[PDB]
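Note that the numbering used here has the sequence shown beginning at 6, numbered continuously upward.
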Amino acid sequence: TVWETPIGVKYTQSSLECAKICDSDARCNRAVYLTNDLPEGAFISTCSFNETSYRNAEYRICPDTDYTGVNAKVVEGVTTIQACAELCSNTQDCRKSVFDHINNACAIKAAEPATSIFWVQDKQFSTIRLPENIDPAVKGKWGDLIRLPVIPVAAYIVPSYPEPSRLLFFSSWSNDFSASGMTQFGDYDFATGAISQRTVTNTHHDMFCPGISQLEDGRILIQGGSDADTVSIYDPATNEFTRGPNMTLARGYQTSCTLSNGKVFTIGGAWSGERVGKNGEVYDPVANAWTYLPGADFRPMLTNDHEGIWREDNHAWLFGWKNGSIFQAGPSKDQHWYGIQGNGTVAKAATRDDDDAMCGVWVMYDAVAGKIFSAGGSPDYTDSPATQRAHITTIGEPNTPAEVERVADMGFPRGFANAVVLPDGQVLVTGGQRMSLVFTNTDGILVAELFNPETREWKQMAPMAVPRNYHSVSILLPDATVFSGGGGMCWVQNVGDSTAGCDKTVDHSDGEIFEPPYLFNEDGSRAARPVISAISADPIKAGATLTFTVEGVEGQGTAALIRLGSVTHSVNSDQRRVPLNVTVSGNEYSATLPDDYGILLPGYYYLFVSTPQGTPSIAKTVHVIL
Ligand SMILES: *[C@@H]1O[C@H](CO)[C@@H](O)[C@H](O)[C@H]1NC(C)=O
Ligand SMILES: [Cu+2]
Numbered sequence: 006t007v008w009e010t011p012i013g014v015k016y017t018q019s020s021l022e023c024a025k026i027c028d029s030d031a032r033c034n035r036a037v038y039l040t041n042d043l044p045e046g047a048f049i050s051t052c053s054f055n056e057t058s059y060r061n062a063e064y065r066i067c068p069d070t071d072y073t074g075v076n077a078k079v080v081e082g083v084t085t086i087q088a089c090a091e092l093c094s095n096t097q098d099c100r101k102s103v104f105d106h107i108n109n110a111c112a113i114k115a116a117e118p119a120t121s122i123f124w125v126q127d128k129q130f131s132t133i134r135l136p137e138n139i140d141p142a143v144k145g146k147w148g149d150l151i152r153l154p155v156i157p158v159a160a161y162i163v164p165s166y167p168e169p170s171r172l173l174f175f176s177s178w179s180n181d182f183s184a185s186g187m188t189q190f191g192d193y194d195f196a197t198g199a200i201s202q203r204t205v206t207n208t209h210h211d212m213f214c215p216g217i218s219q220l221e222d223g224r225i226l227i228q229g230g231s232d233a234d235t236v237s238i239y240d241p242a243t244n245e246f247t248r249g250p251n252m253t254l255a256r257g258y259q260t261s262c263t264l265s266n267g268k269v270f271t272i273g274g275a276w277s278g279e280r281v282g283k284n285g286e287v288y289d290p291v292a293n294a295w296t297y298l299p300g301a302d303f304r305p306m307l308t309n310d311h312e313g314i315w316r317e318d319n320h321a322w323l324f325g326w327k328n329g330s331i332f333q334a335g336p337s338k339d340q341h342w343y344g345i346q347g348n349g350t351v352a353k354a355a356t357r358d359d360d361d362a363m364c365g366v367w368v369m370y371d372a373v374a375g376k377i378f379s380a381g382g383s384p385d386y387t388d389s390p391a392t393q394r395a396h397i398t399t400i401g402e403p404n405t406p407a408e409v410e411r412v413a414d415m416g417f418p419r420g421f422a423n424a425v426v427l428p429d430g431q432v433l434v435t436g437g438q439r440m441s442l443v444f445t446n447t448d449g450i451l452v453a454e455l456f457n458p459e460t461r462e463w464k465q466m467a468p469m470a471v472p473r474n475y476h477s478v479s480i481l482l483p484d485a486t487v488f489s490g491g492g493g494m495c496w497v498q499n500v501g502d503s504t505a506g507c508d509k510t511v512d513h514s515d516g517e518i519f520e521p522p523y524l525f526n527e528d529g530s531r532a533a534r535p536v537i538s539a540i541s542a543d544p545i546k547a548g549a550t551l552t553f554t555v556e557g558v559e560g561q562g563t564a565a566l567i568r569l570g571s572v573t574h575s576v577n578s579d580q581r582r583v584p585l586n587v588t589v590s591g592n593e594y595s596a597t598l599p600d601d602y603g604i605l606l607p608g609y610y611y612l613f614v615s616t617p618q619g620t621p622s623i624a625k626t627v628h629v630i631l
């Protein structure tokens, strides 16, 4: 039984008497004789309670909320929201101010985006702001926080027909780690809003800190981690997990990559198992067998880290390429070619930079042209300032030099950011912080950045609401929007220990979705999406001609395949864009897939038809076979 204030607050002489008394007092959580939807402390994207205007220039007040961050001013005078508003009006460049109900003080928040300001639920304060004017045609648009049972520390799209509908995500034995043998998964149907959780135990696998690759049949191979030698295989068909063969060498914080021939290569992962650099290894799904590749030498790919070998072989930028080759774009200052021939091979490809970029963002935005875009990262895993440097790396024949062009610096240094490639081939960078500090919100960049390789120029997007630092994720949805989620997780010694001394402020058991500009016309209305009306649900093979019916476009539409995504620790080794050429005869479109499985990696892809102005369809799922 729960009374709900005129504003929207909810509690659990009288009883509505003290309850009324409690909602007078900014210092009252309990009373003897408060239970809102989101608890005190919770981050917000919108006022949870009823807003209020206040006046020749107007402000919107959200009660029972704080703006965390560097203040430009804190003044002990003010005793009314009115007066705090009045003071924000007389302070140059004040967009955000905070009234402290308990101490009668007005804070003016400092300037954005140089400062990072966060909107928290706290009954002790109220927030005052100057109405924002975001043109979604230029800056895209964020929806509101979607709350989740598990922090999405790792996440992947489930391959389904006609288009994927579900996002699986997962943490450790707990939803907010410690060899446990359990893994808490969340399940999010974004067709419906449906959100379930489960606990995966059959595999005897805590899948925290793993390699993730999508196989030919769209099964998801989840490798090592808290259980350093254990391997689980997720079958979309079953919606079940199966044990795979133990890896040959136990690993965590490694990258795996699906190859042209549908085997999976992994190298490094010194976080768990022995604390030593880790040589390469290849999984063959047909033989269902791991093979150790000693000549896949780890030494050439090490970073130099103040914390040592524990870190230096972590989170490798691996792309599966032509004739079963592996390109390693970083994060080591030097790029290399790795292979699975003999006892495995290694050779220098190029120098990307003068310093390492651990957990920088990387994506193959243009497979047919061998084009890779890198930005951000930091020279050491933690306690190191992030770089603004970004590069286009061009790869041709395996085991011959690569070309690196430095491009425009990002507007912000980002450590632990995420990147997705979009159907137009632009790369959207999200989250990360100015100084890589594991388990912190400190100086989280909220402003997303769109990089356009056509112009080799950056564009600052609308801000998201929650800092997406360490243990955050970015993945592409079938509607060509971007999910940004997670952040946090606590070190807990034993397994089953109760999180009471952990900092819950750094946990964000939630996500938020960004509409890029391309979903909007000049007037900020949603633009008219092509419809792929008809498509064979049939497997297709490299070199084949894909045929589909596109209704709802003014002019000749373009098309592109985006491989489905897997993501954790700023590593998405499964995403890649294959641009297609379209020949239009009627409303029936046809494209000849590339001849090379090094470009068209076996697996499930999004097909997108886009308007000539660059507005993409919802995707139809497309399965490439070997
Ligand atoms: C598409 O067509 C152009 C001209 O033939 C070509 O340069 C491009 O690389 C082709 N293949 C693609 C884009 O898959
Ligand atoms: Cu971690």
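Note that beta-carbon positions come from the ideal geometry of N, C-alpha and C, so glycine has one too.
* Near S170, what residues of its chain come up, given a Cβ to Cβ distance below 6 Å and the 5 sequence neighbours on each side ignored? -> As a working note, residue 170 is residue 165 in the sequence shown. Here the set comprises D194, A196.
* In terms of residue numbering, what span does the alpha helix (DSSP H) encompassing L21 cover? -> Within the sequence shown, the letter at position 16 stands for residue 21. Run containing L21: 21 to 27, per the alpha helix (DSSP H) assignment.
* Apart from the five residues just before and just after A36, which ones in its own chain have a Cβ nearer than 6 Å to its Cβ? -> If you number the sequence shown from 1, residue 36 lands on position 31. Cβ within range, chain order: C23, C27.
* Cα-Cα, which of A624, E9, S177, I107 is closest to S514? -> Taking the first residue of the sequence shown as position 1, residue 514 is located at position 509. Of the candidates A624, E9, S177, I107, the one whose C-alpha sits nearest the C-alpha of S514 is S177.
* **beta strand (DSSP E) runs wholly inside the region 237 to 322, at least 3 long, in chain order** => 245 to 248, 260 to 263, 269 to 272, 285 to 289, 294 to 298
* Asked: Hey, how far is the Cα of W295 from the Cα of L524?
  -> Within the sequence shown, numbered from 1, the residue matching residue 295 stands at position 290. Within the sequence shown, numbered from 1, the residue matching residue 524 stands at position 519. So the two alpha carbons sit approximately 44 Å from each other.
* To do: Report the option in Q333, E286, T356 whose CA atom is closest to the CA atom of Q346.
  => Counting from one through the sequence shown, the residue named residue 346 turns up at place 341. Checking every option, the nearest Cα to that of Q346 belongs to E286.
* Asked: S231: which of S277, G548, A159, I12 sits nearest, CA to CA?
  -> Here residue 231 refers to the residue found at position 226 of the sequence shown. Out of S277, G548, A159, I12, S277 has the C-alpha closest to the C-alpha of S231.
* Asked: Taking the DSSP output, what are the residues bridged to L585?
  -> In the sequence shown, the residue the question calls residue 585 occupies position 580. DSSP lists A564 as partners of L585.
* To do: Compare the C-alpha of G416 against each of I66, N61, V75, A119 and name the closest.
  => Taking the sequence shown and counting its residues from 1, one reaches residue 416 at position 411. The option with the nearest alpha carbon to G416 is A119.
* State the beta-bridge partners of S218 as determined by DSSP. => Indexing the sequence shown from 1 puts residue 218 at position 213. Looking at the DSSP assignment, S218 forms a beta bridge with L226.
* Asked: Do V471 and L150 have their CB atoms nearer than 8 Å?
  -> Looking up residue 471 in the sequence shown gives position 466. Looking up residue 150 in the sequence shown gives position 145. Their beta carbons are under 8 Å apart, which means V471 touches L150 by this criterion.
* Indicate whether the contact test is met: 3 or more Cβ pairs, each with one atom in the region 242 to 257 and one in the region 267 to 281, closer than 8 Å. => yes
* Asked: What separation, rounded to the nearest whole angstrom, lies between the Cα atoms of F378 and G492?
  -> As a first step, residue 378 must be located in the sequence shown, where it is residue number 373. As a first step, residue 492 must be located in the sequence shown, where it is residue number 487. Each residue's alpha carbon lies about 24 Å from the other.
* Asked: Between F456 and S441, which are expected to be in contact by the criterion C-beta below 8 Å, what is the C-beta distance as a whole number of angstroms?
  -> Within the sequence shown, numbered from 1, the residue matching residue 456 stands at position 451. Within the sequence shown, numbered from 1, the residue matching residue 441 stands at position 436. Not a contact, Cβ separation roughly 20 Å.
* **Nearest candidate by alpha-carbon position, reference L566, set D429, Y166, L631** => For the purposes of this step, residue 566 is taken as the residue at position 561 of the sequence shown. That would be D429, whose Cα lies nearest to the Cα of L566.
* Continuous alpha helix (DSSP H) assignments of at least 4 residues falling wholly in the region 132 to 208 -> 141 to 144
* Buried/exposed call for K376, threshold 16 Cβ in 10 Å -> Mapped onto the sequence shown, residue 376 falls at position 371. That one is buried.
* Asked: Can you name the residues that DSSP bridges to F525?
  -> As a first step, residue 525 is located in the sequence shown; it is residue number 520 there, counting from the start. BP columns for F525 point to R531.
* With DSSP collapsed to three states, give me the class of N457. => Position 452 of the sequence shown holds residue 457. Note: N457 maps to strand in three-state DSSP.
* Length of the line joining the Cα atoms of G436 and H476 -> Position 431 of the sequence shown holds residue 436. Position 471 of the sequence shown holds residue 476. For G436 and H476, the distance between alpha carbons rounds to 11 Å.
* Provide the residue span of the beta strand (DSSP E) that contains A467, from first to last. => One-based indexing of the sequence shown puts residue 467 at position 462. Per DSSP, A467 belongs to the beta strand (DSSP E) from 462 to 468.
* **Meets three-Cβ-pair contact criterion under 8 Å: the region 545 to 553 and the region 335 to 350** => no
* Spatial distance of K144 from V614 (CA atoms) -> Looking up residue 144 in the sequence shown gives position 139. Looking up residue 614 in the sequence shown gives position 609. Cα to Cα, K144 sits roughly 22 Å from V614.
* Whole-angstrom Cβ separation of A453 and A407, contact assumed at under 8 Å? -> Numbered from 1 along the sequence shown, position 448 holds the residue referred to as residue 453. Numbered from 1 along the sequence shown, position 402 holds the residue referred to as residue 407. 28 Å between Cβ atoms; not a contact.
* C-alpha gap between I133 and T247, whole angstroms -> As a first step, residue 133 is located in the sequence shown; it is residue number 128 there, counting from the start. As a first step, residue 247 is located in the sequence shown; it is residue number 242 there, counting from the start. About 53 Å.
* To do: Would you mind stating whether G365 and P418 have Cβ atoms separated by less than 8 Å?
  => Translated into positions along the sequence shown, residue 365 becomes position 360. Translated into positions along the sequence shown, residue 418 becomes position 413. The answer is no: Cβ separation not under 8 Å.
* To do: Would you decide whether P621 is buried or exposed? Buried here means 16 or more other CB atoms lie within 10 Å of its CB.
  => For the purposes of this step, residue 621 is taken as the residue at position 616 of the sequence shown. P621 should be labelled buried.
* Verify the contact flag: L585, CB atom, against every heavy atom of ligand 1, threshold strictly below 7 Å. => Counting from one through the sequence shown, the residue named residue 585 turns up at place 580. Checking the Cβ of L585 against ligand 1 gives yes.
* **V500 CB to nearest heavy atom of ligand 1 below 7 Å** => Locating residue 500 in the sequence shown gives position 495, where the first residue counts as 1. False, no ligand heavy atom lies under 7 Å from that Cβ.
* Going by the beta-carbon positions, is the gap between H210 and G186 smaller than 8 Å? -> As a working mapping, residue 210 is identified with position 205 in the sequence shown. As a working mapping, residue 186 is identified with position 181 in the sequence shown. Yes; because the gap between Cβ atoms is below 8 Å, this pair is in contact.
* Asked: How should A233 be labelled, buried or exposed, when 16 other C-beta atoms within 10 angstroms of its C-beta is the threshold for buried?
  -> Translated into the one-based positions of the sequence shown, residue 233 becomes position 228. Classification for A233: buried.
* Considering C111, what are the terminal residues of the beta strand (DSSP E) in which it resides? -> Residue 111 sits at position 106 when you count from the first residue of the sequence shown. It spans 110 to 114 - the beta strand (DSSP E) in which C111 sits, taken as one unbroken run.
* With DSSP as the reference, label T510 as helix, strand or coil. => On the sequence shown, position 505 is the one that residue 510 refers to. Correct three-state label for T510: helix.
* Note down, in chain order, each residue of its chain lying with its Cβ closer than 6 Å to the Cβ of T387, except the 5 sequence neighbours on either side. => Within the sequence shown, numbered from 1, the residue matching residue 387 stands at position 382. Correct list, in chain order: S441, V443.
* To do: Give the DSSP-derived three-state secondary structure of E91 in the structure shown.
  => Reading the sequence shown from its first residue, position 86 is the one you call residue 91. DSSP places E91 in helix when its eight states are reduced to three.
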